[PDB]
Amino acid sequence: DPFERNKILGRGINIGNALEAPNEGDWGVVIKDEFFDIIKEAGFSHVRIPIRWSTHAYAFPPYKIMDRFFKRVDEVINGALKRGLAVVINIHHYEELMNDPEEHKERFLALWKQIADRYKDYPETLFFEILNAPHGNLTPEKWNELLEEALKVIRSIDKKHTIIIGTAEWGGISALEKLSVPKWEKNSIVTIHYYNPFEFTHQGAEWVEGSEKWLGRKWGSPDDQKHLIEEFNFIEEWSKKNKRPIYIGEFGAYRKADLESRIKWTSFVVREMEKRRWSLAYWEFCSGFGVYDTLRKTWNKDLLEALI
């Protein structure tokens, strides 16, 4: 029952700026084994681990994933499982696939063949997330085709693990209506990344065009809350109509946003996700959107309370 699997997934946190960088540590985070103690003790049910497999596999057939990297991913997954955390792994920042899905289709499918083969006998609390935030030339209609091809590859190997399927147009709500999950697939969860209002959550983000114009933006008015509720109602209606569970696999506000607004937004979205029985994972543990200080070994207490 994928709804039961969604319940098991529960509340989680992304350990980002880590394995989805070109190399682990490049973006500031190395996944320390003790992080899993910290996260489990704080009350989280799962971790989401973004992984840039594409830079750690050969470019030519059979597109073999490199040994040392595979071993590292094993180590991370098992570290989390040791603490009784559920684990979401994905394919993250496969930029060539977004820019030319035709050229990279078979390589992408080869990655999933290898990942499914590697983890098919791992515990049922490991989840396979097909592809992070499809966008660009990987259009909604092309994604519907590609995700089905990936489902077929994974299911040819593994009919035990729940699969997590995102939306196109950068993984938010805008392309949810366009998403199609094949009827034959019966053990999947649909994932959405929720960052609205984008101008608030990404204000001052150095990698986002024109974001400096958003610096100082607050969040918390009654109207702000009603707008967010309307969007959550839209997602919930889609879930009910399509009979698929919902995982909000990323949500969070950047550190440049005022702390009081960050707390209000984070706490509110979590309460509203909970009312809808969704699973959820905060972006992210300890970096630019972070809630834990790895030097001081302390949580931001208000943000941790918001997440529970």
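Don't overthink the numbering: it's just position in the shown sequence, from 1.
*Asks:* Which is higher on average in the deposited entry, the C-alpha temperature factors of 111-119 or of 233-241?
*Replies:* Averaged over C-alpha atoms, the B-factors run higher in 233-241.
*Asks:* Between 23-31 and 275-283, which has the higher average C-alpha B-factor in the PDB entry?
*Replies:* Higher of the two, by average CA B-factor, is 23-31.
*Asks:* Per the coordinate record, which of the options 163, 150, 181, 86 holds the highest CA temperature factor?
*Replies:* So the option with the highest C-alpha B-factor is 181.
*Asks:* Which is it among 221, 144, 125, 201: the one with the largest CA B-factor in the entry?
*Replies:* That would be 221, according to the entry.
*Asks:* Could you place residue 54 in the lowest, middle or highest third of its chain by Cα temperature factor, using the values in the record?
*Replies:* Its C-alpha B-factor, which the entry lists for residue 54, ranks in the lowest third among residues of this chain.
*Asks:* Would you mind checking where the Cα B-factor of residue 40 ranks among the modelled residues of its chain, as the lowest, middle or highest third?
*Replies:* It belongs to the middle third of the chain when residues are ordered by C-alpha B-factor.
*Asks:* Within this chain, which third does the Cα B-factor at residue 155 fall in: lowest, middle or highest?
*Replies:* Its C-alpha B-factor belongs to the middle third of this chain's values.
*Asks:* Compared with the other modelled residues in the chain, in which third is the CA B-factor of residue 13?
*Replies:* Its C-alpha B-factor belongs to the middle third of this chain's values.
*Asks:* Could you tell me which third, lowest, middle or highest, the C-alpha B-factor of residue 47 occupies within its chain?
*Replies:* Answer is lowest: the recorded C-alpha B-factor places it there.
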